[PDB]
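> Here we go, the starting part of the complex in its complex frame:
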Amino acid sequence: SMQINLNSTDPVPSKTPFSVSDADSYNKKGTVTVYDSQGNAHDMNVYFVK
């Protein structure tokens, strides 16, 4: 469970495609940490694109 506040005045991203490598194809990137049954962790990145 994660919350976000946003700005209504954010322009549309310029990068028409999307790639995790770039830093423009998305409005903003966050991440979350999760665990498996064996204990070792994983990280999920989330990208907001207007």
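Thanks, I have it. Numbering: from 1, shown residues only, chains lettered A, B, ... in the order given.
> Three-state assignment for residue A:19, please.
Going by DSSP: H, G, I helix; E, B strand; the rest coil, the secondary structure assigned to residue A:19 is coil.
> so how far is residue A:45 from it?
Using CB to CB, to the nearest Å, residue A:19 is found at 12 Å from residue A:45. Any C-beta I mention is one placed from the backbone N, CA and C, and that applies to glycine too.
> Now name the helix or strand holding the residue located most distally from the centre of chain A.
When distances to the mean C-alpha position of chain A are computed (CA atoms, centre = their mean), the maximum falls on residue A:38, with 25.7 Å. Secondary structure from DSSP states H and E places residue A:38 outside every helix and strand.
> Chain B next, sequence below:
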Amino acid sequence: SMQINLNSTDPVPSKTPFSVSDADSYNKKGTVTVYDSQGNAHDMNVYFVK
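Take a look at chain B, now in place beside the chains above:
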């Protein structure tokens, strides 16, 4: 009887042949002592490699 708690995130050692002199040939080394008929103490080393 000895309980050891191994780790999931232990990377594979580097030195492919097993050597007790190079610490990078095994993931972990543990020791124990046993006794004989004479009464002298003998130490065993057990080496864990993933």
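> Any chance you could list what contacts stretch A:7-18?
A:22, A:24-27, A:47, A:49-50 (CB atoms under 8 Å, 6 or more residues apart in numbering or on different chains).
> State the distance from residue A:10 to chain B.
Taking CB to the nearest CB, to the nearest Å as the measure, residue A:10 and chain B are separated by 38 Å.
> before we move on, what SS does that residue have?
When classified by three-state DSSP, residue A:10 comes out as coil.
> re the thing from before, what's the local residue count around the closest residue to the residue farthest from the centre of chain A other than its chain neighbours?
Beyond its immediate neighbours in the sequence, the residue positioned closest to residue A:38 (CB to CB, 6 or more residues apart in numbering or on different chains) is residue B:8, lying 5.1 Å away. By the measure other CB atoms under 10 Å in any protein chain shown, the count of residues near residue B:8 is 9.
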